[PDB]
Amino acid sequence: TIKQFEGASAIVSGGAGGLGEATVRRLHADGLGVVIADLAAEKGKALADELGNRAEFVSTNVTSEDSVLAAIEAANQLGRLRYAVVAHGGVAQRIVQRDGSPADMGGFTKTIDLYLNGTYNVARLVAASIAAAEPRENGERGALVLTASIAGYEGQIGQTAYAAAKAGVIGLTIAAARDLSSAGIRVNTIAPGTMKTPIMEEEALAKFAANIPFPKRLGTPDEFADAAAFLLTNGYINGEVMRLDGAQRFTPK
């Protein structure tokens, strides 16, 4: 168990599959108690049961205060909650559709609610719990990793809602780091490119791969988890957005 993680626990939103699952497995392997915070109950309990004692599934709706507070209470029974990775994941619509109609507002607000409001709701509640922990000798109480997307910098046709939500998370990063600096809680963000998430898991894989300089493939969940673990453990990285994208820059289509 790595020194920073001694006595500690973590929450991973979207922890039952994909990028979140890989993050859970990495943090668990590195010695943290981990709460799998997700709505996918069969997958989440299977993962928690596989990993054993230091992994617990909690059915968690990221936009509900009471649901996230229950995840926090669960994490504080595995150790002192000091870390969180907000990795919850998940159709395109142009702002003016091909028939001339505007984008449906409901679709926009649902995307903002899940990816931006959900990220803030998890961050504020987890941060308030971490703020109450004893600092380590270096002054740090803990750290958060948020998940954006390079769509927040280079949003694509039909993806204005996702681009706006993920840009919101990108801009949140430095503001939250500044806010939480008095508590010694670092905040950083991973902006992935095109990742091999469950929906992606070999013909149409070449179409994405084609715009990706190197490696010429989708990024793996384990690569994401490695990035998240680095942001939790490096003591000077703060208020930063890390692009994790094989040097891809999104084209319009």
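Residue numbers run from 1 along the displayed sequence.
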Missing residues of the deposited chain between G90 and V91 number 1 to 3
Residues of the deposited chain absent from the coordinates between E201 and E202 total 1 to 3
Quick check: 111 to 119 versus 167 to 175, which has the larger average CA B-factor in the record? 111 to 119
Mean Cα B-factor comparison, 131 to 139 or 79 to 87, giving the higher one as deposited: 131 to 139
Residue with highest C-alpha B-factor in the PDB entry, from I36, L205, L27, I185: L205
Max C-alpha B-factor within the set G193, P213, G31, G44 falls on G44
Considering only modelled residues of the same chain, in which third does the CA B-factor of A225 rank: lowest, middle or highest? lowest
Taking the entry's C-alpha B-factors for this chain, is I72 in the lowest, middle or highest third? middle
Relative C-alpha B-factor of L125, binned into the chain's lowest, middle or highest third: middle
Quick one: classify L146 as lowest, middle or highest third of the chain based on its Cα B-factor. lowest
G7, C-alpha B-factor rank within chain (lowest, middle or highest third): middle
